[PDB]
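**Q** data.cif is reproduced below (mmCIF, C-alpha atoms (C1' of nucleotides)).
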```cif
data_start
loop_
_atom_site.label_atom_id
_atom_site.label_comp_id
_atom_site.auth_asym_id
_atom_site.auth_seq_id
_atom_site.Cartn_x
_atom_site.Cartn_y
_atom_site.Cartn_z
CA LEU A 156 160.61 53.37 32.49
CA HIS A 157 158.93 49.98 32.66
CA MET A 158 157.23 47.48 30.35
CA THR A 159 154.05 49.37 31.24
CA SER A 160 155.68 52.31 29.41
CA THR A 161 156.35 50.59 26.09
CA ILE A 162 152.66 49.69 25.75
CA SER A 163 151.47 53.12 26.84
CA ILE A 164 153.46 54.85 24.08
CA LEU A 165 152.10 52.13 21.81
CA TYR A 166 148.63 53.31 22.85
CA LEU A 167 149.24 57.05 22.60
CA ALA A 168 150.29 56.51 18.98
CA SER A 169 147.10 54.49 18.54
CA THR A 170 144.76 57.11 19.99
CA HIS A 171 146.38 59.68 17.72
CA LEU A 172 145.38 57.76 14.56
CA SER A 173 141.71 57.57 15.75
CA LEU A 174 142.01 53.79 15.84
CA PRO A 175 139.30 51.31 16.86
CA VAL A 176 141.90 49.54 19.00
CA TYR A 177 141.48 50.14 22.74
CA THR A 178 143.31 49.21 25.93
CA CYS A 179 141.12 46.11 26.02
CA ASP A 180 143.09 44.85 23.05
CA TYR A 181 146.48 45.94 24.41
CA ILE A 182 145.75 43.97 27.59
CA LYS A 183 144.45 41.02 25.57
CA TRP A 184 147.36 40.98 23.05
CA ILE A 185 150.01 40.47 25.75
CA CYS A 186 148.16 37.81 27.76
CA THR A 187 147.98 35.81 24.54
CA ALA A 188 151.68 36.75 24.13
CA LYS A 189 151.39 37.83 20.51
CA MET A 190 153.47 40.96 20.69
CA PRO A 191 156.67 40.45 22.69
CA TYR A 192 155.74 41.81 26.12
CA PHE A 193 156.46 39.03 28.61
CA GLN A 194 160.03 37.65 28.69
CA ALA A 195 161.12 39.95 25.87
CA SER A 196 164.54 40.21 27.52
CA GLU A 197 165.44 36.65 26.53
CA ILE A 198 165.94 36.25 22.78
CA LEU A 199 165.75 39.77 21.42
CA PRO A 200 169.03 41.65 22.31
CA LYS A 201 171.33 38.57 22.63
CA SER A 202 174.25 40.64 23.99
CA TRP A 203 172.77 43.48 26.05
CA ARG A 204 171.21 40.86 28.33
CA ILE A 205 174.56 39.48 29.46
CA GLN A 206 175.92 42.83 30.76
"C1'" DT B 1 251.93 -18.50 69.20
"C1'" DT B 2 246.37 -18.70 67.04
"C1'" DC B 3 240.69 -16.71 66.64
"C1'" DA B 4 237.83 -13.72 64.84
"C1'" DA B 5 235.82 -9.48 61.91
"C1'" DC B 6 236.38 -6.00 58.48
"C1'" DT B 7 236.92 -6.96 52.82
"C1'" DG B 8 237.63 -5.96 47.70
"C1'" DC B 9 237.08 -8.51 43.88
"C1'" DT B 10 232.85 -12.61 39.12
"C1'" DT B 11 230.88 -9.12 32.20
"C1'" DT B 12 231.64 -7.83 27.64
"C1'" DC B 13 227.43 -4.23 23.91
"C1'" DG B 14 222.82 -3.46 24.20
"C1'" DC B 15 218.53 -4.02 25.96
"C1'" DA B 16 214.99 -2.53 29.87
"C1'" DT B 17 199.01 18.93 56.84
"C1'" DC B 18 197.25 21.39 52.37
"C1'" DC B 19 193.78 22.39 48.64
"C1'" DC B 20 189.73 21.72 45.26
"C1'" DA B 21 184.53 20.83 44.28
"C1'" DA B 22 178.75 20.28 45.31
"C1'" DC B 23 174.15 21.85 45.94
"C1'" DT B 24 170.86 24.54 48.23
"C1'" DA B 25 170.32 28.76 51.18
"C1'" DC B 26 170.08 33.24 51.75
"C1'" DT B 27 171.14 37.57 50.62
"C1'" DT B 28 172.21 41.64 48.73
"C1'" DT B 29 172.01 44.83 44.60
"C1'" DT B 30 168.87 48.49 43.45
"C1'" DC B 31 164.73 50.25 40.78
"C1'" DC B 32 160.03 50.87 40.27
"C1'" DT B 33 154.50 51.17 42.03
"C1'" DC B 34 151.10 53.52 45.51
"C1'" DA B 35 149.09 54.41 49.67
"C1'" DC B 36 148.04 57.00 54.64
"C1'" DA B 37 147.44 60.60 57.71
"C1'" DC B 38 146.50 65.67 57.75
"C1'" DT B 39 143.37 70.19 56.37
"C1'" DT B 40 139.26 74.48 54.34
"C1'" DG B 41 135.53 75.12 52.69
"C1'" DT B 42 130.63 73.52 51.50
"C1'" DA B 43 126.38 71.40 52.60
"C1'" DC B 44 122.05 70.07 55.76
"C1'" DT B 45 119.94 71.82 58.70
"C1'" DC B 46 120.70 74.13 63.91
"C1'" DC B 47 118.14 77.88 67.34
"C1'" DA B 48 117.64 82.50 67.43
#
```
With the file now loaded, output its structure as structure tokens.
**A**
Amino acid sequence: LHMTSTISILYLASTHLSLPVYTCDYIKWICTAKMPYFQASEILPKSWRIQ
DNA sequence: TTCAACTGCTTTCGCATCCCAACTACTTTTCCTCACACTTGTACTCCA
């Protein structure tokens, strides 16, 4: 499992719903850092990071 | 019959070598992502 895997399962659930989103948008949305892809370890768990 | 060291005493209460640390390095802990060499047919004609 990798951060490539949490976007892939975010895309399988998108290509189930017949959505006009594509992997162009999933690779655009993280470079603009809208959804928490890069450095998501920092502020989100707050206690599972330390151990 | 004398010189020279050994001698205890001035008050009266209360005041008053071993360890630690610094910063910058290098390294390990592992987990994740793919390639590089091998092989049978098939294809394009090859010589019969």
**Q** Give as a compact mmCIF listing (two decimals) with C-alpha atoms, keeping the file's coordinate frame every residue of chain A that touches chain B within 12 Å, counting only C-alpha atoms (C1' of nucleotides).
**A**
```txt
# COMPACT_ATOMS: atom_id res chain seq x y z
CA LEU A 156 160.61 53.37 32.49
CA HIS A 157 158.93 49.98 32.66
CA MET A 158 157.23 47.48 30.35
CA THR A 159 154.05 49.37 31.24
CA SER A 160 155.68 52.31 29.41
```
**Q** Expanded to explicit residues, what is the PyMOL selection byres ((chain A and resi 186-196) around 12) for this file, as a PDB file with C-alpha atoms, in the frame of the given file?
**A**
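To be explicit, this is the file written out as out_32.pdb:
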```
ATOM      1  CA  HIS A 157     158.930  49.980  32.660  1.00  0.00           C
ATOM      2  CA  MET A 158     157.230  47.480  30.350  1.00  0.00           C
ATOM      3  CA  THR A 159     154.050  49.370  31.240  1.00  0.00           C
ATOM      4  CA  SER A 160     155.680  52.310  29.410  1.00  0.00           C
ATOM      5  CA  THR A 161     156.350  50.590  26.090  1.00  0.00           C
ATOM      6  CA  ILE A 162     152.660  49.690  25.750  1.00  0.00           C
ATOM      7  CA  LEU A 165     152.100  52.130  21.810  1.00  0.00           C
ATOM      8  CA  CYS A 179     141.120  46.110  26.020  1.00  0.00           C
ATOM      9  CA  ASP A 180     143.090  44.850  23.050  1.00  0.00           C
ATOM     10  CA  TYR A 181     146.480  45.940  24.410  1.00  0.00           C
ATOM     11  CA  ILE A 182     145.750  43.970  27.590  1.00  0.00           C
ATOM     12  CA  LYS A 183     144.450  41.020  25.570  1.00  0.00           C
ATOM     13  CA  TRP A 184     147.360  40.980  23.050  1.00  0.00           C
ATOM     14  CA  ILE A 185     150.010  40.470  25.750  1.00  0.00           C
ATOM     15  CA  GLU A 197     165.440  36.650  26.530  1.00  0.00           C
ATOM     16  CA  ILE A 198     165.940  36.250  22.780  1.00  0.00           C
ATOM     17  CA  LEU A 199     165.750  39.770  21.420  1.00  0.00           C
ATOM     18  CA  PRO A 200     169.030  41.650  22.310  1.00  0.00           C
ATOM     19  CA  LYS A 201     171.330  38.570  22.630  1.00  0.00           C
ATOM     20  CA  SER A 202     174.250  40.640  23.990  1.00  0.00           C
ATOM     21  CA  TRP A 203     172.770  43.480  26.050  1.00  0.00           C
ATOM     22  CA  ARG A 204     171.210  40.860  28.330  1.00  0.00           C
ATOM     23  CA  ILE A 205     174.560  39.480  29.460  1.00  0.00           C
TER      24      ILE A 205
END
```
**Q** Centre and edge lengths, as lines of an AutoDock Vina configuration file, for the axis-aligned box enclosing every listed atom of segment 181-188 of chain A with 3 Å of padding on each of the six sides, in Å to one decimal?
**A**
```
center_x = 148.1
center_y = 40.9
center_z = 25.4
size_x = 13.2
size_y = 16.1
size_z = 10.7
```
**Q** I'd like the interatomic distance between atom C1' of residue 24 of chain B and atom CA of residue 206 of chain A, to a tenth of an Å.
**A**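 Spanning atom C1' of residue 24 of chain B to atom CA of residue 206 of chain A is a straight-line distance of 25.8 Å.
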**Q** Find the distance between atom CA of residue 178 of chain A and atom CA of residue 166 of chain A and write it in Å to one decimal.
**A**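 Between atom CA of residue 178 of chain A and atom CA of residue 166 of chain A the gap is 7.4 Å.
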